[PDB]
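Q: To kick things off, part of the complex as it is:
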Amino acid sequence: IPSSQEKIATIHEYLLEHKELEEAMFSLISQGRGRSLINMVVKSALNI
């Protein structure tokens, strides 16, 4: 049921509460490693 806006808002709140995650994601994205970030997080979530 949750919409994309609700998912984004939930992640936004999580990033604010966990600055390490925000800083690590920005570092990976801004340094051109976002594709490795996508692949790694998707694989982890699919193996729940």
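A: Yep, that arrived. Numbering: from 1, shown residues only, chains lettered A, B, ... in the order given.
Q: can you tell me how far residue A:7 sits from residue A:13?
A: Distance, residue A:7 to residue A:13, by CB to CB, to the nearest Å: 11 Å. To be clear about C-beta, it is placed using only N, CA and C from the backbone, and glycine gets the same treatment.
Q: which residues sit in contact with residue A:25?
A: A:15, A:37 (CB atoms under 8 Å, 6 or more residues apart in numbering).
Q: how near is it to residue A:47?
A: 20 Å.
Q: swap in residue A:10?
A: Counting by CB to CB, the gap from residue A:10 to residue A:47 is 21 Å.
Q: Is residue A:32 in a helix, a strand, or coil?
A: Using DSSP: H, G, I helix; E, B strand; the rest coil, the three-state assignment for residue A:32 comes out as coil.
Q: please slot chain B in as well:
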Amino acid sequence: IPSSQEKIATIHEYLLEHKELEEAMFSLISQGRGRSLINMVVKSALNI
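A: The block that follows adds chain B to the chains above:
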């Protein structure tokens, strides 16, 4: 130099362009696996 607001806004734009990442992060966070998400992304970013 980039501020927290700029980092968050950069991630927001990235999530919108890559729905898989948004969906995988929400799935991990909402199912109580956010700590594993933090640890995995931080380690990857530190090994750049």
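Q: what do you get for the contacts of residue A:25 once chain B is counted?
A: Applying CB atoms under 8 Å, 6 or more residues apart in numbering or on different chains to residue A:25 gives the contacts A:15, A:37, B:11, B:14, B:41, B:45.
Q: helix or strand for it, which one?
A: helix A:19-30 (DSSP states H and E).
Q: and if you look at residue A:38?
A: Assigned by DSSP H and E, residue A:38 falls within helix A:34-46.
Q: Next: residue A:8.
A: helix A:4-17.
Q: just the angle between that helix and helix A:19-30, please?
A: Here helix A:4-17 points in a direction 110 degrees away from that of helix A:19-30 (axes from the mean of the first three to the mean of the last three CA atoms, to 10 degrees).
Q: and helix A:4-17, how far from the chain's centre?
A: The chain centre lies 9 Å from the centre of helix A:4-17; the measure is CA atoms, centre = their mean, to the nearest Å.
Q: Equivalent analysis for stretch A:9-23, please.
A: 8 Å.
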